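For reference, the structure is listed below as C-alpha cells.
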Amino acid sequence: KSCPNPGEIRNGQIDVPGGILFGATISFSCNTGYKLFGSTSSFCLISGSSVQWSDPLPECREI
Amino acid sequence: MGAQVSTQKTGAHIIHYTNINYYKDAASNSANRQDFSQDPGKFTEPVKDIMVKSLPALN
Amino acid sequence: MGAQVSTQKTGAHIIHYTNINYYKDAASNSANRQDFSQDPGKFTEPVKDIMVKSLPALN
Amino acid sequence: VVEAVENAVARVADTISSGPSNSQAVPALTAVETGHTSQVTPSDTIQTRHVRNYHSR
Amino acid sequence: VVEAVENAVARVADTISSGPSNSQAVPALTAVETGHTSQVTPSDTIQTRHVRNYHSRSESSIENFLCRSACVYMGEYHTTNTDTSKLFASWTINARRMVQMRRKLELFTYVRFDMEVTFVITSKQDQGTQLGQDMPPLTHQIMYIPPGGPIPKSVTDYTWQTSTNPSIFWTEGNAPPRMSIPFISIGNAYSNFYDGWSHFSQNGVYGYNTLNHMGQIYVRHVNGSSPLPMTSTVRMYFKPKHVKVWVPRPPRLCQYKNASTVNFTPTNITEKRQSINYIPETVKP
Amino acid sequence: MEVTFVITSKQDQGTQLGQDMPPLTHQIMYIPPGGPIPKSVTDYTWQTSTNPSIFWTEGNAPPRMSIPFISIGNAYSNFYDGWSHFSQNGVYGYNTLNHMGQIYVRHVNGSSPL
Amino acid sequence: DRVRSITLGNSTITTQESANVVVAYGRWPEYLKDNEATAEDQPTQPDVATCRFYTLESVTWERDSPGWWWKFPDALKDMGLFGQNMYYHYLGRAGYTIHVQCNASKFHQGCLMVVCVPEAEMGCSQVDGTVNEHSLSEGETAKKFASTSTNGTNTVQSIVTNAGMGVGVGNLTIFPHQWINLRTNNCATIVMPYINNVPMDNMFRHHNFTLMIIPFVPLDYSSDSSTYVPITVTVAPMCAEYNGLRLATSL
Amino acid sequence: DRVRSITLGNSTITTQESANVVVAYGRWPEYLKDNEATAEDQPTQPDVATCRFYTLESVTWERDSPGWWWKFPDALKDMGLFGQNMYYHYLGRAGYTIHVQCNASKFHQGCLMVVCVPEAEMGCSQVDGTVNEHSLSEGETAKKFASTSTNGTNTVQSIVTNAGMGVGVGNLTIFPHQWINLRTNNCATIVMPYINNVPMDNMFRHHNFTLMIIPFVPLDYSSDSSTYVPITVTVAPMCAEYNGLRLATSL
Amino acid sequence: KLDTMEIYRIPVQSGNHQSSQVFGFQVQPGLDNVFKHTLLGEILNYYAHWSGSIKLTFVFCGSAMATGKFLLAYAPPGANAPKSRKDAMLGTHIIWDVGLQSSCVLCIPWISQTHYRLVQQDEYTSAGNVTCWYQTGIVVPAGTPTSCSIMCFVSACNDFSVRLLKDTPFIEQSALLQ
Amino acid sequence: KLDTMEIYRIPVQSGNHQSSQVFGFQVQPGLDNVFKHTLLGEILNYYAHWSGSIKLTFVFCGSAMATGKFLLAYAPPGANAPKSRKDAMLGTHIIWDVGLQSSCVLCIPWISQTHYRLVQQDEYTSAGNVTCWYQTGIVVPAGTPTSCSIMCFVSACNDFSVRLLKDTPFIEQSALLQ
C-alpha cells in the first residue's frame, strides 16, 4: 500500500531514499538561507481508513 | 621503402619531411597533427530552415 | 633493398609497414602473426558421409 | 617506393571590402530565440578594407 | 626493390535474414551419435535480421596465442660460497617446471616451432653484518651444453672456454640477453606427450623424459669472487615463433605434481551450486 | 594513447646512510579486469606470462609504450547519467561504465640494506 | 513563416508563433542500420503506437521560480505503448521531438531557456555522497532547481546557476536549445537524434538526456494581467526500436 | 515426411511424428487489404513481438477424462505483447497456428480429437438461463466437459456427447480438425485464418473460436507403463493487426 | 555428485511432473561452474572478451519406446529467471519432440548492446539464463524403465570470437618443479 | 548578484534616464571577469595569443509593447572610457531599434597593430571598451511593466584564432584523488 504523495517544500527539499510504500520514511531539508520550522522526517503509518504520513510538511522560513 | 614524403608546417607572408612506420599496429603510429577541418554550422546554426543573414530572422 | 611493405592491423567500421630481414637464418625472423586460416570441419564434422543440416541426421 | 601526401592548410577567412549602405538588408537584426548564432562579419556592420588573412586554426 | 605482401583479414560470418517457416526441413533435430557437431546458426531457429559482422578471430590463432614470452625456470647462484657447486646454476632444458606455459603448450600433442629465448638476471647483495664495498659491474656467462658435451665442475673449469658450445656474456645493467633458436629436434615435432617406454622390454622410464633430450644450461659469474657474498637469480623466458601444432587435447583439469610425470590427484569436475534449477535472483529492489 | 612512466627513487632519510647499492630495476605490470592480482613483491603473478609488463633499469630513458582503443563501447564515455543495476540503483555515473584494470609496480632487485 | 504543424502518429501539433526548429546537430532520428548494429535478433518497430505526441503535466511559471528538469526516457515510461514496449524489452533506441508550449499576452514579459543535455550526470548536495534515483527523476513530475544552494542527503545540488552539473548555467547554449521570449515566440521545438556511445541501450538504467527549462529573465506583469502562466511539455519518440524481449521489468 | 519445424517470431517448434498440417479451409492468414477495410486510421503491426508461440499450461489425460476446451482469444490475453496490444487497442485481427502436443509410448493407446470451432456459442445448464463469462473461459486454464449432464446455474451444459453446443459430437469433423492417435502421431497442427463476418473485431467481447480436445478412445496401458500422460497446447498468432488505440481496458 | 559421472546427466521421469522445472542455469560460458570447465569455457578463460552465439545440443538418453516433448527457453537478461512455463514460454524457446533423431539444438543467439562481453561477467554484461520444462511429459509402455536421462553439449556457433588474452585462473603452483 | 541569475541580465527602465549609462565593460575576452568564464573565455584560457573579431548579440527581454532605441559603441584604445553619449557617438557604434526582430549584433572588429594579442592582456595589447547608452528611451503603454532586461551573448567571428597552448588557471587541486 502507498501513502499519498509527500508534496513539495518550497525553498526546501524532500528526500525519499526508499519509496513511499508502507513503513517508508522521508526526510525534510531547507535550502541555504532558510530555517526549517516543523518536523524533520515523516513515516508511512496507518491512518484510520488508509495509510498516510506521520508528520505534516514543514516550512522553510527566511533567515 | 614504404616511405611517404609530406609537407612541413611553414608560415606564409626543403619543406618536405619523410615518414616510415616500423610497427605492425596502427596504434603505434604518430599523431595526425596535420588534419585541419571544420564544420561549425553543426553547433552554430543547428536549425531546420536556413537563415540568410540579410533577411529578418522572422517574418 | 630487399624490403617488403605489408599492411597493418586496422579495425573496420599510411597503413603499410616495412620489413627487412637482417640475419642469415629463418629462425631469426619475426613471428607470422598475420596468417588467419581455419578448417573446423576437421574436428567439428569428421564423418565419412556428409550431413546437410536440413535433412534428418539419420533416415 | 616513396609516396607524396597532400596536406592542405586551413587559413581563416579574409575581410572583404565594403562601402556605404542604404538598403532593407539588415544583417544585424536577428532573433536568438531560434537557437542560431548570428554570422555577422565586421564587413556587415562597418566599412572594412580588404585584408588577406593568413592566420591558421 | 620493394615487395608488396598481401594480408587477408578473416572476419566471422554475417547473420543472414530469416522469416517464418513451415516446412519439413528440421535444421535443429540431429543425432550426436555420429560424432558430428551441429551447425545451427541462429538464423535457423529464430527470425534474425541481417547483421554485417566485422569481428575477427585474429587474436585466437595459434601464433597469436602462443607467441608470448613466459618464464620456464628460475635459479640462483652465488659469487662466493663454501660449496663450489652453488657458485653456478645448471639445469636440463624443458618447458615443464612452470605450470602456466606447460598447461598452455599441452592443449596439443605435437608442437613444432622456433623459439626466442630471453634471460632476466638480477643480483642482490646478501644480507649480513658488514655490508659496504665497491664492487664493479658483474658480468655473467650462460653456456648451453648440448647432449654429450662435457659439463663444468666448478666456475674455474676448462669447459667455460666455450669453444663450440654457444654461450653469452652479459654485463649487468644492459638490456636482457636474447637469442633465437631453431627447431632443434630429431623427430618431426616436439611431442608433449608420449605413451611409451624407452626399453623394448616395455619397461624403463615412462613418457616424456624418454623422448626429449635437449641438454643443459650453466650460468656463472665471470668476474670472480666477491669481498662480501652476493647472490644472482636467473629467469629464462621462452617465446615460440613460427608455431605449428597438431592433435589438440582437452585442457588439463587436475593440478600438476612434478615435471617428470603426468601423475595427479583426482579432482572434482566442477564446483557446486545449490540445486540443478538454481539461478540467482538479481533484479530486486 | 601513448603512456610514459617517470620513476624516481630517493634514499630515505635516516641515521646510518651510506651503502653501495647497484642500479634499481622496476617492473610495471598491467592487470586487465579479471586476472589475479599480486599479494606481495614475491608473488607468482609477477611471472607476467600473458599480462604485459615492463622492466626498466634506472638511469635510462623513461619507459613508454602505445595502447589501442581498449574499450567495449564505441567511445570512452566521460559522463554517464545512469546506474549499474536495472532497479535504478547501484553505483551512479562513470564508475559503472569504465573498467580497464589495474597497474602494479615493484622493485625487481630485492630488499635493501637501508 | 511562424506557423507550423508537426504530425506524428495519430497526433498533431499546431503553432502560430514558432521561431524555428532546432535539429540537434543537423541530424535527424534514424533507424539502426545493418553495419552499425550489434544485436542478432529482429527488432520490434511499432511505428505509430509509440512515435506520437505524449503530453506531460504542466508547471506554473511563477514570478520567483528557478527552473525545472525532466529526464528522458523514464519520463515516458508510463505513457501508452512506449512505456510498455520499454518494459518488455531489454534494449531500446529512439530519438525524440520536444515541443515546449508557454503562451502569454503582449503585456507580459519573460525569457525561458529550453535546453536538451546529453548525459547530464548530476551532483549530490553533500559533496561526499550519492544521489538517489528519485532525486534525478520523478517521472512526469518535474524536479525543480533552487535559487540557493540546497542541502539534505541524496538530493541533487540544484542551485540554478550551476544547473546541477557543476558548470556555468549560461554556457548551456552549447547544447541544442531554444528560448521562449514572451515577446516573440510561445513554443520551442528540438528534434533530438539518438546520441549515445553504444548502438542500442537499456531504457531503465540510462537517462539518455535531460530537458532543462530555466527562466533567465523572470515573469512580470502589471495591474490585472493574468497571474497564471503555465508551461506544457510534449515529447514524441521517433524511429523507435526495441530488441531483446522477455518478461516485464518491475521497480 | 513426419518431421516438421515451425518458426514463428523468436520461437520454433520441432516435431518428428506429425501427420500433416490442416490449413483451415485451404486459406492462410493474411493482412486486411485496402478494399476490404473499414477503419480509417493506421494499424499497428508488431509482427515479431506478437506472432510467436505462446504455450499454455498442460492438462493430464487420465483414463476417465471427458475433454477440454479453450477460447481464443481471451486465452492469450495475458501472454506477452499480444495480451497488451490487445488491451490498449479497440479493434484487433489475427489468425493463429495451434500445435497440440501429446506423446506416449508404444505400449499406450488412445485417440484425441483436436478441433477448432468458429463461433462456438454454448448452452447453459438450466435451459431457461444465461451463461457467465467464467463459464465460457478461464483464460489459460482449460474448462472440462463432463461424462454426464451437468447441473448448476450459469454453467455450460458440458456433457461431452453434445459438446456444449447442442449438436452431435461426432459431426465436429466438419470443422478444421485432426486426431492424435497414440499409435501414429503425437501432435496436431491447425492453421486458422481470421474467420468472422466483419473485417476487424474487438478482442475482449468476441471469442473468435474455440479449441476442443476430446478423447474418443480413452487411455489405457498395462503393468507399469507410465501413468502420467500430459497434453500441451501452443498457439501462435499470425498476421496480427490492431486499430483504434486508447487507454487500457480493465476487467 | 561432483566426482561422479552423474554430474553429466539430467534426470527426467514419467508422471505428472509438469509443475517441476527440469533444469536451469545462467549463460556465463566463462564463469558459471556449469560452463567454466568445458572446452568452450576452458578456451574462453584464456581471453577477456567474448562475442558470438552458443549452441546447446540436448540428447535424450532413455528407452527406444519412451516419448516426450520438452520446452527449452532462453531469456535475455532484464528480469528474474522464469518460475513457471507460462513465463518461459515468452522467451526465445524451442519445443523438442523426442523421436528417431534423438538430439535437438537450442541456439542461444547473440542479443547484447556491447559488441563484446567480459568473460569475468558482471551484472552489466550479463547474458541471461536458460530453463527447461515439460511440454507434455514422458510416456512409457509396460516393461520399460521410468527414469531417463538427458545430456547437454555446448559449442560455439560460427560467429563466435574471443579477444584480449589473459592468464587462466585454473592452473597454479607453489614452487618450481611442478 | 554573483550566484544569482540576476548576474546575467542588464536592467533597463522607462523615464528620462538619458544621462545614465546602461552598461560598459572592457574588451578582454580572456581576463575580464565579465568574459573569462564564457565559452569564448574558457576556450581562450587554454591558449596564450588570440586574434580575430568578436560578436556581441543583445536580446531585449521586455514586453511585446515596450519600445526603445539603444546606442552600442566600441572605442579602440587610446583614451579613457567615454563618459557621455556625445563621446560614445564618436566610436564604432550601432543604433539598435527594438522591434519584432528582438536581438541585434554589435560586431567588435579587429583593430590592432600586432597580428595577435595576449590572453593575459596588459596595457600594451589592450583592446578597448564597449559602452551602451539610451538613444531615445523606453516607452510603454498603460498596464505593462516599466523595468525590462537586456542580455548579451558573446561569440567569435569567422576569422578568430588562438595559439600557443598553455594551462588554464581555473582548475586546481591540493592532492591526488580529486
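Identifiers in this document derive from the order of the C-alpha cells: chains are assigned A, B, ..., residues are numbered from 1 separately in each chain, and ligands are numbered from 1 in order of occurrence.
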
**Request:** Pull the strand (DSSP E) assignments for chain A out of DSSP run on the backbone, and list those residues as a PyMOL selection string.
**Result:** chain A and resi 12-15+25-30+34-37+41-47+50-53+59-62

Can I get the selection written as a compact mmCIF listing (two decimals), in the first residue's frame, with N, CA and C atoms?
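As written to disk, again38.txt reads:
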# COMPACT_ATOMS: atom_id res chain seq x y z
N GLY A 12 12.90 24.36 -0.07
CA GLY A 12 13.36 23.20 0.67
C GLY A 12 13.42 21.96 -0.20
N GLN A 13 13.55 20.80 0.43
CA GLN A 13 13.73 19.56 -0.32
C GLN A 13 13.23 18.38 0.50
N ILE A 14 12.74 17.37 -0.21
CA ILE A 14 12.24 16.13 0.38
C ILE A 14 13.08 14.99 -0.16
N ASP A 15 13.62 14.17 0.73
CA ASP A 15 14.49 13.06 0.37
C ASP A 15 13.77 11.77 0.71
N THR A 25 10.18 5.93 5.37
CA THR A 25 10.46 7.23 5.97
C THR A 25 11.00 8.19 4.92
N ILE A 26 10.75 9.48 5.13
CA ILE A 26 11.21 10.54 4.24
C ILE A 26 11.74 11.67 5.11
N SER A 27 12.70 12.43 4.58
CA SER A 27 13.35 13.48 5.33
C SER A 27 13.15 14.83 4.66
N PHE A 28 13.23 15.89 5.46
CA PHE A 28 12.96 17.25 5.02
C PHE A 28 14.17 18.14 5.29
N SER A 29 14.46 19.03 4.34
CA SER A 29 15.58 19.96 4.48
C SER A 29 15.16 21.31 3.92
N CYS A 30 15.91 22.35 4.27
CA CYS A 30 15.68 23.68 3.75
C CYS A 30 16.95 24.23 3.13
N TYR A 34 17.32 29.62 4.70
CA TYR A 34 16.03 29.44 5.33
C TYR A 34 16.17 28.50 6.52
N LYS A 35 15.35 28.74 7.53
CA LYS A 35 15.29 27.90 8.72
C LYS A 35 14.06 27.00 8.64
N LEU A 36 14.22 25.76 9.09
CA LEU A 36 13.19 24.73 8.97
C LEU A 36 12.34 24.73 10.23
N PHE A 37 11.15 25.32 10.14
CA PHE A 37 10.17 25.29 11.21
C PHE A 37 9.20 24.15 10.92
N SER A 41 11.24 14.54 9.73
CA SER A 41 11.01 13.31 8.99
C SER A 41 9.55 12.91 9.10
N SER A 42 9.14 12.02 8.21
CA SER A 42 7.75 11.57 8.14
C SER A 42 7.71 10.12 7.69
N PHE A 43 6.93 9.30 8.39
CA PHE A 43 6.79 7.88 8.09
C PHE A 43 5.42 7.58 7.50
N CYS A 44 5.34 6.45 6.81
CA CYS A 44 4.09 5.97 6.20
C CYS A 44 3.43 5.03 7.19
N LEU A 45 2.46 5.54 7.95
CA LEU A 45 1.81 4.79 9.01
C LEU A 45 0.34 4.58 8.65
N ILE A 46 -0.37 3.85 9.51
CA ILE A 46 -1.77 3.53 9.30
C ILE A 46 -2.63 4.63 9.91
N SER A 47 -3.52 5.20 9.11
CA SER A 47 -4.32 6.36 9.50
C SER A 47 -5.79 6.04 9.25
N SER A 50 -6.82 4.54 5.88
CA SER A 50 -5.82 4.46 4.82
C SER A 50 -4.45 4.28 5.47
N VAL A 51 -3.40 4.47 4.69
CA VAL A 51 -2.07 4.76 5.22
C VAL A 51 -1.70 6.16 4.77
N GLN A 52 -1.25 6.98 5.72
CA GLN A 52 -0.86 8.34 5.40
C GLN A 52 0.44 8.64 6.13
N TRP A 53 0.78 9.92 6.21
CA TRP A 53 2.11 10.33 6.65
C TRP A 53 2.10 10.67 8.14
N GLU A 59 7.93 24.07 7.12
CA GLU A 59 8.06 25.31 6.38
C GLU A 59 9.49 25.82 6.44
N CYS A 60 9.99 26.31 5.31
CA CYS A 60 11.30 26.95 5.25
C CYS A 60 11.06 28.45 5.28
N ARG A 61 11.31 29.06 6.43
CA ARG A 61 11.09 30.49 6.61
C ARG A 61 12.41 31.24 6.57
N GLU A 62 12.39 32.41 5.93
CA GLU A 62 13.61 33.11 5.57
C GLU A 62 14.44 33.47 6.80

**Asked** If you count only C-alpha atoms, which residues fall within 7 Å of residue 164 (chain J), apart from same-chain ones fewer than 5 positions away, as a PyMOL selection string?
**Response** chain J and resi 47-49

Transformed chain C, reference chain B, full Cα set in order, as an mmCIF file with N, CA and C atoms, in the first residue's frame:
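The resulting file, result_0.cif, is reproduced below:
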data_model
loop_
_atom_site.group_PDB
_atom_site.id
_atom_site.type_symbol
_atom_site.label_atom_id
_atom_site.label_comp_id
_atom_site.auth_asym_id
_atom_site.auth_seq_id
_atom_site.Cartn_x
_atom_site.Cartn_y
_atom_site.Cartn_z
ATOM 1 N N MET C 1 61.176 2.970 -49.439
ATOM 2 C CA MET C 1 60.945 1.617 -48.977
ATOM 3 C C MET C 1 59.671 1.551 -48.160
ATOM 4 N N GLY C 2 58.596 2.098 -48.706
ATOM 5 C CA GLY C 2 57.371 2.221 -47.958
ATOM 6 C C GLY C 2 57.259 3.542 -47.257
ATOM 7 N N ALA C 3 57.943 4.562 -47.761
ATOM 8 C CA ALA C 3 58.020 5.871 -47.146
ATOM 9 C C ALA C 3 56.852 6.723 -47.584
ATOM 10 N N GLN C 4 56.802 7.931 -47.044
ATOM 11 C CA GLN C 4 55.887 8.939 -47.551
ATOM 12 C C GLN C 4 56.395 10.311 -47.166
ATOM 13 N N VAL C 5 56.546 11.154 -48.170
ATOM 14 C CA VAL C 5 57.176 12.456 -48.055
ATOM 15 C C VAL C 5 56.086 13.510 -48.083
ATOM 16 N N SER C 6 55.782 14.082 -46.933
ATOM 17 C CA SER C 6 54.723 15.067 -46.840
ATOM 18 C C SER C 6 55.329 16.431 -46.571
ATOM 19 N N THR C 7 54.480 17.434 -46.426
ATOM 20 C CA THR C 7 54.978 18.791 -46.299
ATOM 21 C C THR C 7 55.010 19.250 -44.845
ATOM 22 N N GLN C 8 56.001 20.076 -44.528
ATOM 23 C CA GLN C 8 56.198 20.572 -43.180
ATOM 24 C C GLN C 8 55.243 21.726 -42.914
ATOM 25 N N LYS C 9 55.287 22.259 -41.701
ATOM 26 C CA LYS C 9 54.491 23.417 -41.327
ATOM 27 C C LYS C 9 55.367 24.656 -41.420
ATOM 28 N N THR C 10 55.181 25.436 -42.473
ATOM 29 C CA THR C 10 55.852 26.715 -42.641
ATOM 30 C C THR C 10 54.830 27.840 -42.692
ATOM 31 N N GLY C 11 55.238 29.005 -42.201
ATOM 32 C CA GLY C 11 54.394 30.180 -42.237
ATOM 33 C C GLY C 11 54.299 30.780 -43.629
ATOM 34 N N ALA C 12 53.415 31.767 -43.759
ATOM 35 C CA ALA C 12 53.170 32.426 -45.031
ATOM 36 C C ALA C 12 53.391 33.919 -44.877
ATOM 37 N N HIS C 13 53.519 34.604 -46.008
ATOM 38 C CA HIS C 13 53.827 36.023 -45.970
ATOM 39 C C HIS C 13 53.548 36.779 -47.264
ATOM 40 N N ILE C 14 62.878 20.928 -49.473
ATOM 41 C CA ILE C 14 63.471 21.573 -48.311
ATOM 42 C C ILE C 14 62.365 21.917 -47.309
ATOM 43 N N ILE C 15 61.121 21.685 -47.715
ATOM 44 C CA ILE C 15 59.982 21.733 -46.815
ATOM 45 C C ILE C 15 59.182 20.443 -46.886
ATOM 46 N N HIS C 16 59.837 19.359 -47.255
ATOM 47 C CA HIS C 16 59.254 18.035 -47.250
ATOM 48 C C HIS C 16 59.954 17.228 -46.176
ATOM 49 N N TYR C 17 59.186 16.477 -45.405
ATOM 50 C CA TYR C 17 59.737 15.554 -44.432
ATOM 51 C C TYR C 17 59.297 14.135 -44.755
ATOM 52 N N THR C 18 60.033 13.170 -44.213
ATOM 53 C CA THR C 18 59.899 11.768 -44.576
ATOM 54 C C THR C 18 59.358 10.957 -43.414
ATOM 55 N N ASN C 19 58.411 10.069 -43.697
ATOM 56 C CA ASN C 19 57.842 9.211 -42.671
ATOM 57 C C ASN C 19 57.918 7.759 -43.100
ATOM 58 N N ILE C 20 58.285 6.902 -42.157
ATOM 59 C CA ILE C 20 58.241 5.456 -42.321
ATOM 60 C C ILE C 20 57.704 4.873 -41.026
ATOM 61 N N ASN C 21 56.776 3.929 -41.135
ATOM 62 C CA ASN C 21 56.203 3.258 -39.982
ATOM 63 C C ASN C 21 56.923 1.940 -39.767
ATOM 64 N N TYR C 22 57.270 1.642 -38.518
ATOM 65 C CA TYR C 22 58.078 0.471 -38.215
ATOM 66 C C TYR C 22 57.311 -0.676 -37.586
ATOM 67 N N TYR C 23 56.136 -0.428 -37.024
ATOM 68 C CA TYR C 23 55.436 -1.411 -36.216
ATOM 69 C C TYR C 23 54.223 -1.960 -36.946
ATOM 70 N N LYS C 24 53.783 -3.130 -36.509
ATOM 71 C CA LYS C 24 52.717 -3.864 -37.168
ATOM 72 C C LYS C 24 51.330 -3.416 -36.756
ATOM 73 N N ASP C 25 51.204 -2.299 -36.056
ATOM 74 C CA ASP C 25 49.943 -1.893 -35.461
ATOM 75 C C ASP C 25 49.748 -0.402 -35.613
ATOM 76 N N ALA C 26 48.564 -0.003 -36.058
ATOM 77 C CA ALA C 26 48.291 1.407 -36.270
ATOM 78 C C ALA C 26 48.144 2.180 -34.976
ATOM 79 N N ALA C 27 48.014 1.497 -33.849
ATOM 80 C CA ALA C 27 48.054 2.138 -32.551
ATOM 81 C C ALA C 27 49.459 2.486 -32.128
ATOM 82 N N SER C 28 50.439 2.272 -32.995
ATOM 83 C CA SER C 28 51.824 2.625 -32.741
ATOM 84 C C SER C 28 52.292 3.805 -33.566
ATOM 85 N N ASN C 29 51.436 4.366 -34.406
ATOM 86 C CA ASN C 29 51.847 5.408 -35.324
ATOM 87 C C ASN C 29 52.108 6.706 -34.572
ATOM 88 N N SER C 30 52.347 7.771 -35.328
ATOM 89 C CA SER C 30 52.428 9.111 -34.770
ATOM 90 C C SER C 30 51.014 9.652 -34.574
ATOM 91 N N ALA C 31 50.902 10.948 -34.302
ATOM 92 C CA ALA C 31 49.615 11.615 -34.228
ATOM 93 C C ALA C 31 49.337 12.360 -35.521
ATOM 94 N N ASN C 32 48.056 12.555 -35.814
ATOM 95 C CA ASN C 32 47.639 13.176 -37.071
ATOM 96 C C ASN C 32 47.481 14.682 -36.880
ATOM 97 N N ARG C 33 48.595 15.337 -36.603
ATOM 98 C CA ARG C 33 48.557 16.750 -36.276
ATOM 99 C C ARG C 33 48.395 17.643 -37.489
ATOM 100 N N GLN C 34 48.203 17.084 -38.681
ATOM 101 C CA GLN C 34 48.118 17.894 -39.888
ATOM 102 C C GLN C 34 46.787 17.737 -40.608
ATOM 103 N N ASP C 35 45.736 17.330 -39.904
ATOM 104 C CA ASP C 35 44.371 17.405 -40.405
ATOM 105 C C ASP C 35 43.686 18.602 -39.770
ATOM 106 N N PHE C 36 43.323 19.581 -40.584
ATOM 107 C CA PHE C 36 42.583 20.750 -40.120
ATOM 108 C C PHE C 36 41.273 20.794 -40.893
ATOM 109 N N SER C 37 40.182 20.446 -40.228
ATOM 110 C CA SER C 37 38.863 20.503 -40.825
ATOM 111 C C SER C 37 37.913 21.165 -39.847
ATOM 112 N N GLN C 38 36.775 21.611 -40.353
ATOM 113 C CA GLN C 38 35.812 22.322 -39.539
ATOM 114 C C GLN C 38 34.416 22.104 -40.086
ATOM 115 N N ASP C 39 33.439 22.266 -39.211
ATOM 116 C CA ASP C 39 32.050 22.392 -39.617
ATOM 117 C C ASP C 39 31.271 23.041 -38.486
ATOM 118 N N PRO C 40 31.466 24.334 -38.237
ATOM 119 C CA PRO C 40 30.789 24.950 -37.097
ATOM 120 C C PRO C 40 29.288 25.034 -37.262
ATOM 121 N N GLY C 41 28.766 25.091 -38.487
ATOM 122 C CA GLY C 41 27.329 25.188 -38.660
ATOM 123 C C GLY C 41 26.558 24.085 -37.980
ATOM 124 N N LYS C 42 27.253 23.076 -37.480
ATOM 125 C CA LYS C 42 26.615 21.990 -36.758
ATOM 126 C C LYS C 42 26.138 22.457 -35.394
ATOM 127 N N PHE C 43 26.938 23.283 -34.727
ATOM 128 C CA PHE C 43 26.633 23.865 -33.427
ATOM 129 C C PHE C 43 26.186 25.308 -33.540
ATOM 130 N N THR C 44 26.734 26.028 -34.511
ATOM 131 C CA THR C 44 26.451 27.440 -34.687
ATOM 132 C C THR C 44 25.067 27.657 -35.277
ATOM 133 N N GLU C 45 24.706 26.895 -36.303
ATOM 134 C CA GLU C 45 23.416 27.021 -36.976
ATOM 135 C C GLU C 45 22.748 25.662 -37.084
ATOM 136 N N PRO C 46 22.256 25.115 -35.971
ATOM 137 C CA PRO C 46 21.509 23.851 -35.981
ATOM 138 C C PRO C 46 20.007 24.086 -36.060
ATOM 139 N N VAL C 47 19.525 24.489 -37.221
ATOM 140 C CA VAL C 47 18.122 24.825 -37.380
ATOM 141 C C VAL C 47 17.593 24.098 -38.601
ATOM 142 N N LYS C 48 16.277 23.913 -38.640
ATOM 143 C CA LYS C 48 15.673 23.188 -39.747
ATOM 144 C C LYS C 48 15.681 24.020 -41.019
ATOM 145 N N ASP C 49 15.102 25.213 -40.974
ATOM 146 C CA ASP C 49 15.098 26.124 -42.107
ATOM 147 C C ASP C 49 16.326 27.014 -42.059
ATOM 148 N N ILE C 50 16.834 27.383 -43.223
ATOM 149 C CA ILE C 50 18.021 28.222 -43.262
ATOM 150 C C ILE C 50 17.645 29.656 -42.919
ATOM 151 N N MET C 51 18.648 30.420 -42.500
ATOM 152 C CA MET C 51 18.505 31.838 -42.208
ATOM 153 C C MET C 51 19.638 32.569 -42.903
ATOM 154 N N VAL C 52 19.297 33.576 -43.713
ATOM 155 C CA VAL C 52 20.182 34.035 -44.775
ATOM 156 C C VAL C 52 20.923 35.319 -44.446
ATOM 157 N N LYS C 53 20.942 35.750 -43.189
ATOM 158 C CA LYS C 53 21.923 36.732 -42.731
ATOM 159 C C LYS C 53 21.676 38.129 -43.279
ATOM 160 N N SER C 54 20.719 38.285 -44.173
ATOM 161 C CA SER C 54 20.370 39.608 -44.652
ATOM 162 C C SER C 54 18.874 39.812 -44.727
ATOM 163 N N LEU C 55 18.111 38.828 -44.373
ATOM 164 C CA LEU C 55 16.676 38.867 -44.211
ATOM 165 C C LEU C 55 16.341 38.852 -42.734
ATOM 166 N N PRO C 56 15.174 39.346 -42.338
ATOM 167 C CA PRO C 56 14.802 39.253 -40.933
ATOM 168 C C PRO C 56 14.788 37.802 -40.489
ATOM 169 N N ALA C 57 15.239 37.566 -39.257
ATOM 170 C CA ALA C 57 15.262 36.210 -38.729
ATOM 171 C C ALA C 57 13.876 35.611 -38.629
ATOM 172 N N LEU C 58 12.846 36.442 -38.716
ATOM 173 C CA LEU C 58 11.450 36.041 -38.666
ATOM 174 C C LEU C 58 10.782 36.642 -39.888
ATOM 175 N N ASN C 59 9.454 36.633 -39.940
ATOM 176 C CA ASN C 59 8.717 37.402 -40.947
ATOM 177 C C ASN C 59 8.783 36.772 -42.330
#

**Separation of CA of residue 34 (chain D) from CA of residue 142 (chain G) in Å** =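 That distance, rounded to one decimal, is 24.2 Å.
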
**Request:** Figure out the distance between CA of residue 134 (chain J) and CA of residue 17 (chain J), please, to one decimal in Å.
**Result:** 7.6 Å
